[PDB]
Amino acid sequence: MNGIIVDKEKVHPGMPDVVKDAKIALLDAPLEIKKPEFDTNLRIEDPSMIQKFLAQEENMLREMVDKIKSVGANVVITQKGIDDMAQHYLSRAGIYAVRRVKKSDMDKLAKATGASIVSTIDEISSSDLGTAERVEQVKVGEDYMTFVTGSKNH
């Protein structure tokens, strides 16, 4: 079996160990919740401010994950980070994900699956995705990494 390795472990333990017939979502955008440091009193009359902004971020982050799935992607490889809330939701959608992927690797993966790097989650479609035969998690002795096969050659 031929292909390349990404020195990145799946972000959630409940994530798939093997993803046959992958549809890679190459992103360059944060999948996190903005956690603003508290500062009430000086933060308007209404206290619920910080409380509802997280409620804001919460649903917006969940929606970004939903949008991903409603595009067929079953694998996410981001150059940016993935929040625990994110990892949770992605894992809930069965999408394999790795975060903070090396810039070099992002391009290597770009031109090898066809996938297009998305900097804006919304401005994405099923066309932006990358194809691969088998995206899976492999154990390189001590650590665990992600392996990619398909769309490279043959």
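In case it trips you up, residue 1 is the first one in the sequence shown, and so on.
*Asks:* If you average the CA temperature factors over each stretch, which comes out higher, 38-46 or 101-109?
*Replies:* For C-alpha atoms only, the mean B-factor is higher in 38-46.
*Asks:* Which has the higher mean CA temperature factor in the PDB entry, 133-141 or 7-15?
*Replies:* Between 7-15 and 133-141, it is 133-141.
*Asks:* Using the temperature factors of the C-alpha atoms in this entry, rank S91 within its chain: lowest, middle or highest third.
*Replies:* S91: CA B-factor falls in the lowest third of its chain.
*Asks:* Place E123 in the lowest, middle or highest third of its chain's C-alpha B-factors, as listed in the PDB entry.
*Replies:* Top third by C-alpha B-factor.
*Asks:* Which third, lowest, middle or highest, does the C-alpha temperature factor of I68 belong to within its own chain?
*Replies:* As the PDB entry reports it, the C-alpha B-factor of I68 lands in the middle third of its chain.
*Asks:* Considering only modelled residues of the same chain, in which third does the CA B-factor of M85 rank: lowest, middle or highest?
*Replies:* Lowest third - that is where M85 ends up once the chain's C-alpha B-factors are sorted.
*Asks:* Place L54 in the lowest, middle or highest third of its chain's C-alpha B-factors, as listed in the PDB entry.
*Replies:* Middle third.
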